[PDB]
There are 2 protein chains.
Amino acid sequence: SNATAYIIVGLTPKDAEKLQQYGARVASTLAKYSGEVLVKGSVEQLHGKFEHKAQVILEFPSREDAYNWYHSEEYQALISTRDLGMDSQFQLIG
Amino acid sequence: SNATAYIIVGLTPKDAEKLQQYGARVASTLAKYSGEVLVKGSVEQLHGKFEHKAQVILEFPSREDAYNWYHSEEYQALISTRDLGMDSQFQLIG
């Protein structure tokens, strides 16, 4: 009944150590915007092409809350190290 | 809990009428495998690059059903018309 919003990530691991620093710190950043990991996992290609190894999907209670999470100061501090840990794409939907 | 599985499509519309036809047929193919559309929508890009205009996420009760759906007889017939209506990528997480 509400307009649930989603962030889709498409990713490829680079630096393992850095990727684990990133992953460790993020979950906290989500709970202020009521973020939640719907699924994560490796890709099996069913059609077309896709440049990435794995996908993660975040779920928020509202588009505005998804956008605000990505743009929060607590998440943004995570970014320089996220990019060392993985090349990715993020898409906001909703 | 069970291991709910997902199909993520990223798409770019081509022929609106071929597309209409596709869209109008897929659903009946979903029910067979307990498929459900989690979400449909245009993309605002948060980070990095993404070739498509829009994403759709499909939710199935398992990876078996998700794969069986895509490779099902009745969905496979919809493909020819699908590919005329849109360029797309289908990823299987599950």
Side-chain angles (χ1 to χ4, degrees), chain A residues 2-12 14 22 33 35-72 75-76 78-83 85-94, chain B residues 1-12 14 22 26 35-72 75-76 78-80 82-83 85-94:
Chain A
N2 74 294
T4 302
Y6 306 79
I7 291 174
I8 306 196
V9 344
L11 77 282
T12 297
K14 302 165 118 305
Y22 169 74
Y33 306 79
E36 179 177 4
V37 170
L38 213 79
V39 85
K40 44 184 169 184
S42 284
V43 160
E44 173 183 322
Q45 201 72 33
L46 276 179
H47 174 243
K49 281 182 63 185
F50 186 65
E51 55 274 74
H52 289 300
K53 299 286 187 203
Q55 289 232 255
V56 179
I57 130 71
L58 284 356
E59 171 185 53
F60 301 84
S62 71
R63 164 148 184 146
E64 262 297 271
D65 275 337
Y67 182 88
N68 295 338
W69 164 79
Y70 189 86
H71 287 110
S72 60
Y75 181 83
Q76 291 273 326
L78 252 35
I79 280 187
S80 35
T81 132
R82 177 198 75 192
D83 299 349
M86 74 194 194
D87 291 322
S88 73
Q89 56 180 215
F90 288 50
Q91 296 77 244
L92 178 41
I93 289 187
Chain B
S1 246
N2 66 289
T4 140
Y6 300 82
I7 285 161
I8 290 185
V9 4
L11 69 251
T12 299
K14 293 161 51 162
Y22 179 55
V26 252
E36 178 176 311
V37 170
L38 264 210
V39 68
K40 304 175 170 294
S42 280
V43 146
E44 190 191 349
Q45 198 64 23
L46 286 165
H47 175 259
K49 244 153 259 51
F50 175 75
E51 328 93 304
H52 297 292
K53 302 272 191 170
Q55 303 248 226
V56 171
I57 289 169
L58 295 163
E59 172 190 83
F60 299 74
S62 73
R63 168 194 244 265
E64 291 167 37
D65 293 296
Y67 183 97
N68 283 359
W69 169 75
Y70 190 86
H71 291 108
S72 82
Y75 177 70
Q76 283 286 124
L78 280 55
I79 295 183
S80 52
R82 180 201 69 193
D83 286 346
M86 74 192 190
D87 292 333
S88 70
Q89 62 184 203
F90 283 59
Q91 294 77 253
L92 177 44
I93 318 306

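Labels below follow one simple rule: chain letters A, B, ... track the order of the sequence lines, proteins then strands, and each chain is numbered from 1.
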Contact class of B:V39 relative to chain A, heavy atoms under 4.5 angstrom: side chain

Among B:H47, B:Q89, B:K49, who wins on heavy-atom pairs under 4.5 Å with chain A? B:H47

Using heavy-atom distances under 4.5 Å, tell me whether A:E51 contacts chain B through its side chain, its backbone, both, or neither. side chain

In terms of heavy-atom pairs under 4.5 Å, which option from B:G94, B:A5, B:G48, B:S88 contacts chain A the most? B:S88

Just how far is it from atom CD of A:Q55 to atom CG of B:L92, taken to the nearest 0.5 Å? 10.5 Å

Please check if any side-chain donor atom of B:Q91 sits under 3.5 Å from a side-chain acceptor atom of A:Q45, or the reverse. yes

Chain B shares the most heavy-atom pairs under 4.5 Å, among A:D83, A:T4, A:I79, with A:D83

If you draw a 6.0 Å radius around NZ in B:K14, do more than 12 non-hydrogen atoms from other residues or ligands fall strictly inside? yes

Could you give the distance from CD (A:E59) to CD1 (B:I57), rounded to the nearest 0.5 Å? 9.5 Å

Most heavy-atom pairs under 4.5 angstrom with chain A, which of B:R63, B:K40, B:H71? B:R63

Is chain B contacted by the side chain of A:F50, its backbone, both, or neither, given a heavy-atom distance below 4.5 Å? both

Quick check for you: among B:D87, B:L46, B:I93, which has the greatest number of heavy-atom pairs under 4.5 Å with chain A? B:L46

